[PDB]
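See below for the structure under consideration.
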Amino acid sequence: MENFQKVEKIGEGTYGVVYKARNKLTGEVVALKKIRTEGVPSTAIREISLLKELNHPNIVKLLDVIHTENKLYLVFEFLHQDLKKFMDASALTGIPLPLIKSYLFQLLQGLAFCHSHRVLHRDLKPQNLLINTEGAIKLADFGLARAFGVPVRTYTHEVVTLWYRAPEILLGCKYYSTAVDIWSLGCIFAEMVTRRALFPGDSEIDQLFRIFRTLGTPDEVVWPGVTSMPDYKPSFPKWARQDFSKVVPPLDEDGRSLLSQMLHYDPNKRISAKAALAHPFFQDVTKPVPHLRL
Ligand SMILES: COc1ccc2c(c1)/C(=C/c1cnc[nH]1)C(=O)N2
Numbered sequence: 191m192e193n194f195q196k197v198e199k200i201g202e203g204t205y206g207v208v209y210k211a212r213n214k215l216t217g218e219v220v221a222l223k224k225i226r227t228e229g230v231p232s233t234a235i236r237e238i239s240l241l242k243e244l245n246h247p248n249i250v251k252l253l254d255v256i257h258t259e260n261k262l263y264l265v266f267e268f269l270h271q272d273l274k275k276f277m278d279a280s281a282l283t284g285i286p287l288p289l290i291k292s293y294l295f296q297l298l299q300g301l302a303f304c305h306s307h308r309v310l311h312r313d314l315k316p317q318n319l320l321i322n323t324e325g326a327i328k329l330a331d332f333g334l335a336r337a338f339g340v341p342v343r344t345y346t347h348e349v350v351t352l353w354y355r356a357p358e359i360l361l362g363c364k365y366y367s368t369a370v371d372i373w374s375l376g377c378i379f380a381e382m383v384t385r386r387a388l389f390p391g392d393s394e395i396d397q398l399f400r401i402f403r404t405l406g407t408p409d410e411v412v413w414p415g416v417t418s419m420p421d422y423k424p425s426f427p428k429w430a431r432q433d434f435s436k437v438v439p440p441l442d443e444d445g446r447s448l449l450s451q452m453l454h455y456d457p458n459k460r461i462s463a464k465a466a467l468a469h470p471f472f473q474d475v476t477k478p479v480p481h482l483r484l
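Counting along the sequence shown from 1, when you hit position 207 you're at 397 in the numbering used here, and nothing is skipped either side.
Encoded structure:
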C-alpha cells in the first residue's frame, strides 16, 4: 500500500473492498480492490491476469493484478460515479428514458463483447456499473467467480445482494451460462425505469419466490428441465404469472418486450446480448449526457 494514498473507500464488493487511491509516484487516480487469505490460488491469479487484456469502451480497464503478502490487489481505472449512487441521486426525478436507453445499449455492447470472448461477469449489480460525465457507462469487476467460487460469507460479513441473481443460479445449477448476465441486466433496467428494485429478496428462498410471484412459478412447459434442478422442490407454491404491464409501467411496448426477453426463465430462450442490441427498442437510441453531482 506504500505505493498509494487511500483518498476514501468507495465500496465493498462480495469479493472485497475497493478504494479510490492515488499513485504517489505518478499521481494517477485509480480504484484499488484488495482481495480478502492463505496461499491465494495462483490458478485464479492467472485467469484474472487474462482479464487485463479485455479492451472495450464499456468495460472498466483492469490495469494490474498483484499478489503479495497473502493479499491480491486489482488496480482499475477510476470512474466518476456508480449507477447505484446515480439512481439514488435521481430518485425524485427519475433518469430520463433516453439516458436509460443509452446505458442499457452500452451495457449490452459490453456484455456482447465479453461473452464473445467467453468471459461471464456473474455478479452484475448497480454498484458494479460505473458512469462518467461524457455519457458512458462501463461494466466493472468480471470473473472472480470463475477463478474463485460463488461467495456466501465475505471476510467482512457483508450482506451479499441477491436481487440480481438469475433463477438458474438460485435453483442450484452447476454450470452458469452467459444468460445469467442478461438476467441481472434485465433486473437493473427495470430498476432504472421504476426507481424500485424489481426482486428485492432478503434470503435465497425469498429471492426465488419474489421472482415466482411476478413471473409465475416455472414448470416444464416454460422451462424444460426445471423440475430436475438441484434445489427445485415440488413443494414450491404455484403462483400464476402477473400481467406484465404492471411490472415496468413507464415503459413503452418495445421496452417491455425487450425486458420480457431478458427475463425468460429458460436460459436457452433468454435473449443474447447480441440479439438484444438488434431489438426495436434501440432504433432511436442516442447518447445523452447525465447531470452528475460529484
Ligand atoms: C466493483 O469493482 C470496481 C472496480 C473498478 C472501479 C470501481 C469498482 C469504481 C467505483 C466507483 C464508485 N464511485 C466512483 N467510482 C471505480 O471508479 N473503478
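Where is the CB? At the ideal position from N, CA and C, for every residue including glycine.
Is residue i near ligand 1 - that is, is its Cβ less than 7 Å away from at least one heavy atom of it?
i	result
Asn318	yes
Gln432	no
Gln271	yes
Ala466	no
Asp313	no
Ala330	yes
residue 508	Here the chain comprises residues numbered 191 to 484, so residue 508 is not present and cannot be evaluated.
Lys428	no
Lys223	yes
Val208	yes
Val342	no
Take residue i as the anchor and find which of the options has the nearest alpha-carbon.
i	options	result
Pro316	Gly333, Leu448, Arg385 and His305	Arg385
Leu253	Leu241, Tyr354, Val340 and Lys464	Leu241
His481	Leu301, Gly284, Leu215 and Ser418	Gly284
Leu334	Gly415, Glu218, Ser239 and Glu348	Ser239
residue 486	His246, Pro440, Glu410 and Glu324	A question about residue 486 goes unanswered here, because the residues of the chain that appear run from 191 up to 484.
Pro440	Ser418, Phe379 and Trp429	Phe379
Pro414	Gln432, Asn458 and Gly445	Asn458
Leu287	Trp373, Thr476 and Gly300	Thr476
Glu443	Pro390, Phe471, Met452 and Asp421	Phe471
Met419	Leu352, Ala468, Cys363 and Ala463	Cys363
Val412	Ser393, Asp278, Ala337 and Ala430	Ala430
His469	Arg483, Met452, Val479 and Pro478	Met452
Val219	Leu388, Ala466 and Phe266	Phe266
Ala463	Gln473, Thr417 and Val370	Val370
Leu320	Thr204, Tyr263 and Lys251	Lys251
Between residue i and chain B, is the shortest Cβ-Cβ distance under 8 Å, so that the two count as touching?
i	result
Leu240	In summary, chain B is missing from the structure at hand, where a single protein chain is found.
Is residue i near ligand 3, going by C-beta to nearest heavy atom under 7 Å?
i	result
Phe266	Looking at this structure, you won't find ligand 3 anywhere; what it does contain is ligand 1.
For residue i, does the count of other Cβ atoms within 10 angstroms reach 16, so buried, or fall short, so exposed?
i	result
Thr346	exposed
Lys291	buried
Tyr354	buried
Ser425	exposed
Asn248	buried
Going by the DSSP bridge assignment, what does residue i pair with across the sheet?
i	result
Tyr263	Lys224 and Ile256
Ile395	According to DSSP, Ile395 bridges with nothing at all.
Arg212	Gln195 and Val219
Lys328	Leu320
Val437	DSSP output for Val437 lists no bridge partner at all.
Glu202	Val207
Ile249	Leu329
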